[PDB]
>>> print(open('protein_23.pdb').read())   # PDB, C-alpha atoms
ATOM      1  CA  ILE E   1      -9.164  26.201   9.642  1.00  0.00           C
ATOM      2  CA  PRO E   2     -10.521  26.366   6.077  1.00  0.00           C
ATOM      3  CA  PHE E   3     -11.237  22.990   4.501  1.00  0.00           C
ATOM      4  CA  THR E   4      -8.679  23.579   1.743  1.00  0.00           C
ATOM      5  CA  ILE E   5      -5.956  24.371   4.277  1.00  0.00           C
ATOM      6  CA  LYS E   6      -6.725  21.394   6.506  1.00  0.00           C
ATOM      7  CA  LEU E   7      -6.734  19.128   3.443  1.00  0.00           C
ATOM      8  CA  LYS E   8      -3.423  20.495   2.175  1.00  0.00           C
ATOM      9  CA  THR E   9      -1.855  19.981   5.602  1.00  0.00           C
ATOM     10  CA  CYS E  10      -3.248  16.452   5.740  1.00  0.00           C
ATOM     11  CA  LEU E  11      -2.074  15.435   2.271  1.00  0.00           C
ATOM     12  CA  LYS E  12       1.408  16.835   2.869  1.00  0.00           C
ATOM     13  CA  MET E  13       1.764  14.858   6.100  1.00  0.00           C
ATOM     14  CA  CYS E  14       0.408  11.719   4.444  1.00  0.00           C
ATOM     15  CA  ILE E  15       3.016  12.044   1.699  1.00  0.00           C
ATOM     16  CA  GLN E  16       5.856  12.443   4.195  1.00  0.00           C
ATOM     17  CA  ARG E  17       4.634   9.522   6.317  1.00  0.00           C
ATOM     18  CA  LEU E  18       4.086   7.261   3.303  1.00  0.00           C
ATOM     19  CA  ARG E  19       7.571   8.043   1.972  1.00  0.00           C
ATOM     20  CA  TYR E  20       9.108   7.343   5.372  1.00  0.00           C
ATOM     21  CA  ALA E  21       7.175   4.090   5.764  1.00  0.00           C
ATOM     22  CA  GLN E  22       8.390   2.957   2.329  1.00  0.00           C
ATOM     23  CA  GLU E  23      12.002   3.744   3.188  1.00  0.00           C
ATOM     24  CA  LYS E  24      11.780   1.863   6.477  1.00  0.00           C
ATOM     25  CA  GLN E  25       9.888  -1.109   5.103  1.00  0.00           C
ATOM     26  CA  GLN E  26      12.201  -1.461   2.100  1.00  0.00           C
ATOM     27  CA  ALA E  27      15.233  -1.558   4.386  1.00  0.00           C
ATOM     28  CA  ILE E  28      13.511  -4.168   6.564  1.00  0.00           C
ATOM     29  CA  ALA E  29      12.590  -6.232   3.497  1.00  0.00           C
ATOM     30  CA  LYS E  30      16.283  -6.263   2.575  1.00  0.00           C
ATOM     31  CA  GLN E  31      17.174  -7.552   6.041  1.00  0.00           C
ATOM     32  CA  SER E  32      14.504 -10.239   5.733  1.00  0.00           C
ATOM     33  CA  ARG E  33      16.054 -11.481   2.496  1.00  0.00           C
ATOM     34  CA  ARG E  34      19.452 -11.774   4.211  1.00  0.00           C
ATOM     35  CA  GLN E  35      17.806 -13.708   7.024  1.00  0.00           C
ATOM     36  CA  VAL E  36      16.130 -16.119   4.603  1.00  0.00           C
ATOM     37  CA  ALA E  37      19.568 -16.762   3.114  1.00  0.00           C
ATOM     38  CA  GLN E  38      20.926 -17.516   6.587  1.00  0.00           C
ATOM     39  CA  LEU E  39      18.057 -19.939   7.232  1.00  0.00           C
ATOM     40  CA  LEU E  40      18.929 -21.736   4.002  1.00  0.00           C
ATOM     41  CA  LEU E  41      22.613 -21.978   4.922  1.00  0.00           C
ATOM     42  CA  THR E  42      21.573 -23.646   8.182  1.00  0.00           C
ATOM     43  CA  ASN E  43      19.126 -26.142   6.655  1.00  0.00           C
ATOM     44  CA  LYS E  44      16.014 -24.489   8.126  1.00  0.00           C
ATOM     45  CA  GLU E  45      13.819 -25.078   5.070  1.00  0.00           C
ATOM     46  CA  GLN E  46      10.435 -24.811   6.769  1.00  0.00           C
ATOM     47  CA  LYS E  47      11.298 -21.515   8.471  1.00  0.00           C
ATOM     48  CA  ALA E  48      12.809 -20.118   5.259  1.00  0.00           C
ATOM     49  CA  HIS E  49       9.526 -20.907   3.511  1.00  0.00           C
ATOM     50  CA  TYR E  50       7.460 -19.149   6.174  1.00  0.00           C
ATOM     51  CA  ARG E  51       9.798 -16.159   6.061  1.00  0.00           C
ATOM     52  CA  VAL E  52       9.483 -15.895   2.292  1.00  0.00           C
ATOM     53  CA  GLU E  53       5.689 -15.956   2.496  1.00  0.00           C
ATOM     54  CA  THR E  54       5.886 -12.975   4.858  1.00  0.00           C
ATOM     55  CA  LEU E  55       8.420 -11.224   2.622  1.00  0.00           C
ATOM     56  CA  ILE E  56       6.108 -11.615  -0.381  1.00  0.00           C
ATOM     57  CA  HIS E  57       3.353  -9.840   1.510  1.00  0.00           C
ATOM     58  CA  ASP E  58       5.815  -7.196   2.718  1.00  0.00           C
ATOM     59  CA  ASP E  59       6.835  -6.429  -0.881  1.00  0.00           C
ATOM     60  CA  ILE E  60       3.204  -6.167  -2.006  1.00  0.00           C
ATOM     61  CA  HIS E  61       2.500  -3.792   0.883  1.00  0.00           C
ATOM     62  CA  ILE E  62       5.434  -1.603  -0.131  1.00  0.00           C
ATOM     63  CA  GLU E  63       3.958  -1.431  -3.644  1.00  0.00           C
ATOM     64  CA  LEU E  64       0.655  -0.343  -2.083  1.00  0.00           C
ATOM     65  CA  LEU E  65       2.432   2.460  -0.224  1.00  0.00           C
ATOM     66  CA  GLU E  66       4.081   3.629  -3.457  1.00  0.00           C
ATOM     67  CA  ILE E  67       0.718   3.846  -5.200  1.00  0.00           C
ATOM     68  CA  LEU E  68      -0.922   5.635  -2.271  1.00  0.00           C
ATOM     69  CA  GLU E  69       1.917   8.174  -2.261  1.00  0.00           C
ATOM     70  CA  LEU E  70       1.174   8.939  -5.906  1.00  0.00           C
ATOM     71  CA  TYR E  71      -2.538   9.314  -5.172  1.00  0.00           C
ATOM     72  CA  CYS E  72      -1.718  11.778  -2.393  1.00  0.00           C
ATOM     73  CA  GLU E  73       0.493  13.824  -4.695  1.00  0.00           C
ATOM     74  CA  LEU E  74      -2.276  13.870  -7.303  1.00  0.00           C
ATOM     75  CA  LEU E  75      -4.845  15.193  -4.833  1.00  0.00           C
ATOM     76  CA  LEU E  76      -2.327  17.680  -3.448  1.00  0.00           C
ATOM     77  CA  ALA E  77      -1.875  19.255  -6.873  1.00  0.00           C
ATOM     78  CA  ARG E  78      -5.647  19.475  -7.389  1.00  0.00           C
ATOM     79  CA  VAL E  79      -6.625  20.634  -3.890  1.00  0.00           C
ATOM     80  CA  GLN E  80      -8.369  23.789  -5.126  1.00  0.00           C
ATOM     81  CA  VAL E  81     -10.660  21.719  -7.362  1.00  0.00           C
ATOM     82  CA  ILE E  82     -11.659  19.311  -4.586  1.00  0.00           C
ATOM     83  CA  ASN E  83     -12.848  22.368  -2.699  1.00  0.00           C
ATOM     84  CA  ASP E  84     -15.681  22.629  -5.234  1.00  0.00           C
ATOM     85  CA  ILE E  85     -16.934  19.074  -4.647  1.00  0.00           C
ATOM     86  CA  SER E  86     -19.975  18.694  -2.394  1.00  0.00           C
ATOM     87  CA  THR E  87     -21.635  15.544  -3.744  1.00  0.00           C
ATOM     88  CA  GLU E  88     -20.648  12.060  -4.835  1.00  0.00           C
ATOM     89  CA  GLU E  89     -22.363  12.587  -8.191  1.00  0.00           C
ATOM     90  CA  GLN E  90     -19.940  15.417  -8.941  1.00  0.00           C
ATOM     91  CA  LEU E  91     -16.971  13.319  -7.850  1.00  0.00           C
ATOM     92  CA  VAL E  92     -17.906  10.382 -10.086  1.00  0.00           C
ATOM     93  CA  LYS E  93     -19.121  12.252 -13.169  1.00  0.00           C
ATOM     94  CA  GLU E  94     -16.934  15.374 -13.138  1.00  0.00           C
ATOM     95  CA  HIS E  95     -13.743  14.059 -11.514  1.00  0.00           C
ATOM     96  CA  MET E  96     -13.203  10.609 -13.027  1.00  0.00           C
ATOM     97  CA  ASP E  97     -10.925  12.145 -15.592  1.00  0.00           C
ATOM     98  CA  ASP E  98      -8.535  14.121 -13.371  1.00  0.00           C
ATOM     99  CA  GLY E  99      -8.166  10.902 -11.366  1.00  0.00           C
ATOM    100  CA  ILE E 100      -9.539  12.449  -8.182  1.00  0.00           C
ATOM    101  CA  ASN E 101     -12.419   9.981  -7.754  1.00  0.00           C
ATOM    102  CA  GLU E 102     -10.017   7.039  -7.861  1.00  0.00           C
ATOM    103  CA  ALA E 103      -7.375   8.715  -5.699  1.00  0.00           C
ATOM    104  CA  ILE E 104      -9.610   9.763  -2.798  1.00  0.00           C
ATOM    105  CA  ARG E 105     -11.512   6.464  -2.739  1.00  0.00           C
ATOM    106  CA  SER E 106      -8.284   4.455  -2.681  1.00  0.00           C
ATOM    107  CA  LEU E 107      -6.822   6.455   0.203  1.00  0.00           C
ATOM    108  CA  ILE E 108      -9.964   6.104   2.299  1.00  0.00           C
ATOM    109  CA  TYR E 109     -10.171   2.376   1.551  1.00  0.00           C
ATOM    110  CA  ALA E 110      -6.526   2.024   2.570  1.00  0.00           C
ATOM    111  CA  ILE E 111      -6.969   3.399   6.108  1.00  0.00           C
ATOM    112  CA  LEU E 112      -7.831   0.001   7.556  1.00  0.00           C
ATOM    113  CA  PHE E 113      -4.842  -1.619   5.851  1.00  0.00           C
ATOM    114  CA  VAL E 114      -2.167   1.023   6.520  1.00  0.00           C
ATOM    115  CA  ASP E 115      -2.286   1.702  10.250  1.00  0.00           C
ATOM    116  CA  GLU E 116       1.351   2.827  10.092  1.00  0.00           C
ATOM    117  CA  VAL E 117       0.083   6.113   8.622  1.00  0.00           C
ATOM    118  CA  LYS E 118      -2.546   7.444  11.034  1.00  0.00           C
ATOM    119  CA  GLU E 119      -3.133  10.666   9.095  1.00  0.00           C
ATOM    120  CA  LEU E 120      -5.037   8.772   6.399  1.00  0.00           C
ATOM    121  CA  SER E 121      -8.004   8.651   8.792  1.00  0.00           C
ATOM    122  CA  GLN E 122      -8.093  12.447   8.579  1.00  0.00           C
ATOM    123  CA  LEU E 123      -8.870  12.185   4.863  1.00  0.00           C
ATOM    124  CA  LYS E 124     -11.948  10.129   5.667  1.00  0.00           C
ATOM    125  CA  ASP E 125     -13.085  12.675   8.246  1.00  0.00           C
ATOM    126  CA  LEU E 126     -12.533  15.544   5.809  1.00  0.00           C
ATOM    127  CA  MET E 127     -14.415  13.864   2.951  1.00  0.00           C
ATOM    128  CA  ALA E 128     -17.277  12.714   5.175  1.00  0.00           C
ATOM    129  CA  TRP E 129     -17.803  16.410   5.911  1.00  0.00           C
ATOM    130  CA  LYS E 130     -17.113  17.724   2.398  1.00  0.00           C
ATOM    131  CA  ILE E 131     -19.306  15.197   0.600  1.00  0.00           C
ATOM    132  CA  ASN E 132     -21.187  12.934   3.034  1.00  0.00           C
ATOM    133  CA  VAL E 133     -21.058   9.885   5.294  1.00  0.00           C
ATOM    134  CA  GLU E 134     -22.759   7.772   2.628  1.00  0.00           C
ATOM    135  CA  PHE E 135     -19.786   8.349   0.333  1.00  0.00           C
ATOM    136  CA  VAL E 136     -17.190   7.169   2.843  1.00  0.00           C
ATOM    137  CA  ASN E 137     -19.257   4.166   3.956  1.00  0.00           C
ATOM    138  CA  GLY E 138     -19.702   3.141   0.334  1.00  0.00           C
ATOM    139  CA  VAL E 139     -15.926   3.061  -0.005  1.00  0.00           C
ATOM    140  CA  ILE E 140     -15.146   1.193   3.205  1.00  0.00           C
ATOM    141  CA  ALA E 141     -18.077  -1.222   3.408  1.00  0.00           C
ATOM    142  CA  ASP E 142     -18.596  -1.822  -0.301  1.00  0.00           C
ATOM    143  CA  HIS E 143     -15.316  -0.646  -1.910  1.00  0.00           C
ATOM    144  CA  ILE E 144     -17.325   1.335  -4.463  1.00  0.00           C
ATOM    145  CA  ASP E 145     -15.078   2.513  -7.300  1.00  0.00           C
ATOM    146  CA  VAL E 146     -11.923   1.356  -5.504  1.00  0.00           C
ATOM    147  CA  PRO E 147      -9.387   0.086  -8.116  1.00  0.00           C
ATOM    148  CA  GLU E 148      -8.970  -3.671  -8.293  1.00  0.00           C
ATOM    149  CA  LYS E 149      -5.199  -3.179  -7.895  1.00  0.00           C
ATOM    150  CA  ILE E 150      -5.726  -1.463  -4.535  1.00  0.00           C
ATOM    151  CA  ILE E 151      -8.165  -4.108  -3.309  1.00  0.00           C
ATOM    152  CA  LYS E 152      -5.649  -6.820  -4.245  1.00  0.00           C
ATOM    153  CA  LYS E 153      -2.664  -5.189  -2.586  1.00  0.00           C
ATOM    154  CA  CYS E 154      -4.648  -4.593   0.604  1.00  0.00           C
ATOM    155  CA  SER E 155      -5.750  -8.221   0.637  1.00  0.00           C
ATOM    156  CA  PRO E 156      -3.369 -10.280  -1.525  1.00  0.00           C
ATOM    157  CA  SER E 157      -4.290 -13.882  -2.302  1.00  0.00           C
ATOM    158  CA  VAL E 158      -2.254 -16.749  -0.845  1.00  0.00           C
ATOM    159  CA  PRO E 159       1.197 -16.888  -2.451  1.00  0.00           C
ATOM    160  CA  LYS E 160       1.470 -19.872  -4.766  1.00  0.00           C
ATOM    161  CA  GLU E 161       4.411 -22.226  -4.283  1.00  0.00           C
ATOM    162  CA  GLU E 162       5.759 -21.168  -7.677  1.00  0.00           C
ATOM    163  CA  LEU E 163       6.245 -17.605  -6.418  1.00  0.00           C
ATOM    164  CA  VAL E 164       7.793 -18.758  -3.149  1.00  0.00           C
ATOM    165  CA  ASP E 165      10.235 -20.892  -5.147  1.00  0.00           C
ATOM    166  CA  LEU E 166      11.010 -17.915  -7.361  1.00  0.00           C
ATOM    167  CA  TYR E 167      11.757 -15.756  -4.310  1.00  0.00           C
ATOM    168  CA  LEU E 168      14.027 -18.442  -2.870  1.00  0.00           C
ATOM    169  CA  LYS E 169      15.955 -18.634  -6.144  1.00  0.00           C
ATOM    170  CA  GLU E 170      16.353 -14.859  -6.369  1.00  0.00           C
ATOM    171  CA  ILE E 171      17.494 -14.654  -2.743  1.00  0.00           C
ATOM    172  CA  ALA E 172      19.978 -17.451  -3.468  1.00  0.00           C
ATOM    173  CA  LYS E 173      21.425 -15.438  -6.351  1.00  0.00           C
ATOM    174  CA  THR E 174      21.716 -12.255  -4.311  1.00  0.00           C
ATOM    175  CA  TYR E 175      23.535 -13.975  -1.459  1.00  0.00           C
ATOM    176  CA  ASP E 176      25.496 -16.649  -3.352  1.00  0.00           C
ATOM    177  CA  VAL E 177      23.707 -19.427  -1.455  1.00  0.00           C
ATOM    178  CA  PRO E 178      25.224 -22.822  -2.347  1.00  0.00           C
ATOM    179  CA  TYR E 179      23.250 -24.914  -4.836  1.00  0.00           C
ATOM    180  CA  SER E 180      22.617 -27.762  -2.393  1.00  0.00           C
ATOM    181  CA  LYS E 181      21.213 -25.420   0.244  1.00  0.00           C
ATOM    182  CA  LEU E 182      18.737 -23.787  -2.128  1.00  0.00           C
ATOM    183  CA  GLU E 183      17.641 -27.037  -3.761  1.00  0.00           C
ATOM    184  CA  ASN E 184      16.749 -28.541  -0.392  1.00  0.00           C
ATOM    185  CA  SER E 185      14.271 -25.667   0.132  1.00  0.00           C
ATOM    186  CA  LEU E 186      12.469 -26.027  -3.201  1.00  0.00           C
TER     187      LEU E 186
END
>>> encode(input="protein_23.pdb", output="structure tokens")
Amino acid sequence: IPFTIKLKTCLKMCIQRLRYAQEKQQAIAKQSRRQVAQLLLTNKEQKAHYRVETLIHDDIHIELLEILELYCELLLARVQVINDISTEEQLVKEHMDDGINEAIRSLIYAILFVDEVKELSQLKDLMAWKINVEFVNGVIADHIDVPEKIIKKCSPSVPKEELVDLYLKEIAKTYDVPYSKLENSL
């Protein structure tokens, strides 16, 4: 019932869900790499390219999940301090050092981009009550104080052909794809 207890419960669940999502998505990414190799072996260059573009985004998303997990752990260890935060001014001026400002803003901003972890929405609800609605809207609508790294991993730019080629070459090494098959995809 108490705010501190509801927050602790929320953060713990977010950590478990984020860890599980990482595990699952990493395993799937591995399968995707095998499938790209199979596309290369069968001369399906166009499809292999499309699959790599998706894989690139999948890997970036996994990195996002890893960072969010760390932010959750940070907040979990400082839960008692967050209990003494009632305004955004306090958050930005008194909690920029302990990394709380950055951590909470990043998790709220991530809700829209990580629907696989529903509990993140609970953090928004909790902070909208603890601080105010203005704070949460500033994060979502205007990404105020949200780290550039988080904004980029939530919305990565188009993969350049150089990176796609690099992925193809690394997948070819992993799966011993014949030279001719990989070259035809570059």
>>> closest_residue(input="protein_23.pdb", among="E:22, E:121, E:87, E:9", to="residue E:134", atoms="only C-alpha atoms")
E:87
>>> residues_around(input="protein_23.pdb", residues="residue E:109", least_positions_apart="2", cutoff="10 Å", atoms="all atoms listed in the file", output="compact mmCIF listing (two decimals) with C-alpha atoms, in the frame of the given file")
# COMPACT_ATOMS: atom_id res chain seq x y z
CA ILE E 104 -9.61 9.76 -2.80
CA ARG E 105 -11.51 6.46 -2.74
CA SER E 106 -8.28 4.46 -2.68
CA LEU E 107 -6.82 6.46 0.20
CA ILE E 111 -6.97 3.40 6.11
CA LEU E 112 -7.83 0.00 7.56
CA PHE E 113 -4.84 -1.62 5.85
CA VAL E 114 -2.17 1.02 6.52
CA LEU E 120 -5.04 8.77 6.40
CA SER E 121 -8.00 8.65 8.79
CA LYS E 124 -11.95 10.13 5.67
CA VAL E 136 -17.19 7.17 2.84
CA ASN E 137 -19.26 4.17 3.96
CA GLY E 138 -19.70 3.14 0.33
CA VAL E 139 -15.93 3.06 0.00
CA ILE E 140 -15.15 1.19 3.20
CA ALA E 141 -18.08 -1.22 3.41
CA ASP E 142 -18.60 -1.82 -0.30
CA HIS E 143 -15.32 -0.65 -1.91
CA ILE E 144 -17.32 1.34 -4.46
CA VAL E 146 -11.92 1.36 -5.50
CA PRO E 147 -9.39 0.09 -8.12
CA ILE E 150 -5.73 -1.46 -4.54
CA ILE E 151 -8.16 -4.11 -3.31
CA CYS E 154 -4.65 -4.59 0.60
>>> residues_around(input="protein_23.pdb", residues="residue E:185", least_positions_apart="5", cutoff="8 Å", atoms="all atoms listed in the file", output="PyMOL selection string")
chain E and resi 40+45-46+48-49+168
>>> closest_residue(input="protein_23.pdb", among="E:1, E:85, E:71, E:119", to="residue E:99", atoms="all atoms listed in the file")
E:71
>>> closest_residue(input="protein_23.pdb", among="E:133, E:62, E:108, E:7", to="residue E:81", atoms="all atoms listed in the file")
E:7
>>> atom_distance(input="protein_23.pdb", atom1="atom CA of residue E:182", atom2="atom CA of residue E:24")
27.9 Å
>>> resolve_selection(input="protein_23.pdb", expression="the PyMOL selection byres ((chain E and resi 37) around 10)", output="MDAnalysis selection string")
chainID E and resid 31:36 38:42 44 48 168 171:178 181:182
>>> closest_residue(input="protein_23.pdb", among="E:184, E:4, E:132, E:157", to="residue E:77", atoms="only C-alpha atoms")
E:4
>>> atom_distance(input="protein_23.pdb", atom1="atom CA of residue E:60", atom2="atom CA of residue E:29")
10.9 Å
>>> resolve_selection(input="protein_23.pdb", expression="the PyMOL selection byres ((chain E and resi 70) around 12)", output="ChimeraX atom specification")
/E:11-12,14-16,18-19,63-69,71-77,99-100,102-104,106-107
>>> closest_residue(input="protein_23.pdb", among="E:159, E:149, E:53, E:3", to="residue E:86", atoms="all atoms listed in the file")
E:3
>>> closest_residue(input="protein_23.pdb", among="E:79, E:186, E:163, E:5", to="residue E:55", atoms="all atoms listed in the file")
E:163
>>> atom_distance(input="protein_23.pdb", atom1="atom CA of residue E:93", atom2="atom CA of residue E:2")
25.4 Å
>>> axis_aligned_box(input="protein_23.pdb", around="stretch 41-59 of chain E", padding_each_side="5 Å", output="JSON")
{"center_x": 13.0, "center_y": -16.3, "center_z": 3.8, "size_x": 29.3, "size_y": 29.7, "size_z": 19.4}
>>> decode(input="protein_23.pdb", residues="stretch 28-50 of chain E", atoms="N, CA, C and O atoms", output="mmCIF file, in the first residue's frame")
data_model
loop_
_atom_site.group_PDB
_atom_site.id
_atom_site.type_symbol
_atom_site.label_atom_id
_atom_site.label_comp_id
_atom_site.auth_asym_id
_atom_site.auth_seq_id
_atom_site.Cartn_x
_atom_site.Cartn_y
_atom_site.Cartn_z
ATOM 1 N N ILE E 28 16.711 -15.488 -29.606
ATOM 2 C CA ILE E 28 16.054 -15.287 -30.895
ATOM 3 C C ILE E 28 17.012 -14.631 -31.890
ATOM 4 O O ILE E 28 17.027 -14.975 -33.076
ATOM 5 N N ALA E 29 17.822 -13.694 -31.402
ATOM 6 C CA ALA E 29 18.794 -13.015 -32.253
ATOM 7 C C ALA E 29 19.777 -14.055 -32.799
ATOM 8 O O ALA E 29 20.184 -13.988 -33.958
ATOM 9 N N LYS E 30 20.143 -15.022 -31.965
ATOM 10 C CA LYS E 30 21.067 -16.066 -32.395
ATOM 11 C C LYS E 30 20.437 -16.890 -33.515
ATOM 12 O O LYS E 30 21.104 -17.238 -34.493
ATOM 13 N N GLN E 31 19.151 -17.199 -33.372
ATOM 14 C CA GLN E 31 18.446 -17.969 -34.391
ATOM 15 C C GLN E 31 18.362 -17.174 -35.692
ATOM 16 O O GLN E 31 18.458 -17.739 -36.781
ATOM 17 N N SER E 32 18.180 -15.863 -35.574
ATOM 18 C CA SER E 32 18.090 -15.012 -36.752
ATOM 19 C C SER E 32 19.394 -15.025 -37.537
ATOM 20 O O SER E 32 19.382 -15.022 -38.767
ATOM 21 N N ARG E 33 20.515 -15.043 -36.823
ATOM 22 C CA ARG E 33 21.820 -15.068 -37.467
ATOM 23 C C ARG E 33 21.986 -16.371 -38.253
ATOM 24 O O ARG E 33 22.498 -16.365 -39.370
ATOM 25 N N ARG E 34 21.536 -17.480 -37.674
ATOM 26 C CA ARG E 34 21.616 -18.776 -38.348
ATOM 27 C C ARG E 34 20.777 -18.738 -39.615
ATOM 28 O O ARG E 34 21.159 -19.285 -40.648
ATOM 29 N N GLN E 35 19.615 -18.104 -39.521
ATOM 30 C CA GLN E 35 18.704 -18.015 -40.652
ATOM 31 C C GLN E 35 19.244 -17.128 -41.769
ATOM 32 O O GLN E 35 18.970 -17.370 -42.945
ATOM 33 N N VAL E 36 20.015 -16.105 -41.408
ATOM 34 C CA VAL E 36 20.616 -15.236 -42.415
ATOM 35 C C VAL E 36 21.644 -16.080 -43.166
ATOM 36 O O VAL E 36 21.757 -16.003 -44.384
ATOM 37 N N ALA E 37 22.384 -16.898 -42.425
ATOM 38 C CA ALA E 37 23.396 -17.755 -43.028
ATOM 39 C C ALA E 37 22.749 -18.706 -44.026
ATOM 40 O O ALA E 37 23.289 -18.944 -45.105
ATOM 41 N N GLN E 38 21.585 -19.240 -43.666
ATOM 42 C CA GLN E 38 20.871 -20.167 -44.537
ATOM 43 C C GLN E 38 20.384 -19.455 -45.799
ATOM 44 O O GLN E 38 20.372 -20.039 -46.880
ATOM 45 N N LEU E 39 19.977 -18.196 -45.660
ATOM 46 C CA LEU E 39 19.532 -17.415 -46.807
ATOM 47 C C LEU E 39 20.705 -17.201 -47.753
ATOM 48 O O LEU E 39 20.543 -17.248 -48.974
ATOM 49 N N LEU E 40 21.890 -16.979 -47.192
ATOM 50 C CA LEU E 40 23.075 -16.770 -48.014
ATOM 51 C C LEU E 40 23.429 -18.040 -48.775
ATOM 52 O O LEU E 40 23.737 -17.987 -49.965
ATOM 53 N N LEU E 41 23.377 -19.178 -48.088
ATOM 54 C CA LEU E 41 23.698 -20.457 -48.715
ATOM 55 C C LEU E 41 22.768 -20.767 -49.882
ATOM 56 O O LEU E 41 23.149 -21.494 -50.808
ATOM 57 N N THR E 42 21.554 -20.220 -49.837
ATOM 58 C CA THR E 42 20.574 -20.454 -50.891
ATOM 59 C C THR E 42 20.390 -19.295 -51.870
ATOM 60 O O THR E 42 19.368 -19.200 -52.550
ATOM 61 N N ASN E 43 21.384 -18.414 -51.926
ATOM 62 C CA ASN E 43 21.386 -17.283 -52.848
ATOM 63 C C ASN E 43 20.260 -16.263 -52.699
ATOM 64 O O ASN E 43 19.925 -15.574 -53.661
ATOM 65 N N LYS E 44 19.679 -16.160 -51.505
ATOM 66 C CA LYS E 44 18.599 -15.203 -51.270
ATOM 67 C C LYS E 44 19.201 -13.936 -50.668
ATOM 68 O O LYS E 44 19.002 -13.628 -49.494
ATOM 69 N N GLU E 45 19.938 -13.205 -51.499
ATOM 70 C CA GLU E 45 20.619 -11.980 -51.088
ATOM 71 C C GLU E 45 19.718 -10.878 -50.551
ATOM 72 O O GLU E 45 19.973 -10.317 -49.490
ATOM 73 N N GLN E 46 18.660 -10.573 -51.288
ATOM 74 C CA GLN E 46 17.725 -9.533 -50.888
ATOM 75 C C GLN E 46 17.129 -9.827 -49.511
ATOM 76 O O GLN E 46 17.123 -8.967 -48.633
ATOM 77 N N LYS E 47 16.620 -11.040 -49.330
ATOM 78 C CA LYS E 47 16.023 -11.430 -48.058
ATOM 79 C C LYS E 47 17.054 -11.393 -46.928
ATOM 80 O O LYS E 47 16.753 -10.958 -45.817
ATOM 81 N N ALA E 48 18.270 -11.849 -47.210
ATOM 82 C CA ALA E 48 19.324 -11.843 -46.193
ATOM 83 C C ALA E 48 19.564 -10.409 -45.727
ATOM 84 O O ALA E 48 19.741 -10.147 -44.533
ATOM 85 N N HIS E 49 19.552 -9.479 -46.677
ATOM 86 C CA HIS E 49 19.762 -8.070 -46.372
ATOM 87 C C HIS E 49 18.668 -7.566 -45.441
ATOM 88 O O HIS E 49 18.951 -6.950 -44.414
ATOM 89 N N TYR E 50 17.420 -7.827 -45.809
ATOM 90 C CA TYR E 50 16.280 -7.405 -45.001
ATOM 91 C C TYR E 50 16.366 -7.993 -43.599
ATOM 92 O O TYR E 50 16.088 -7.311 -42.610
#
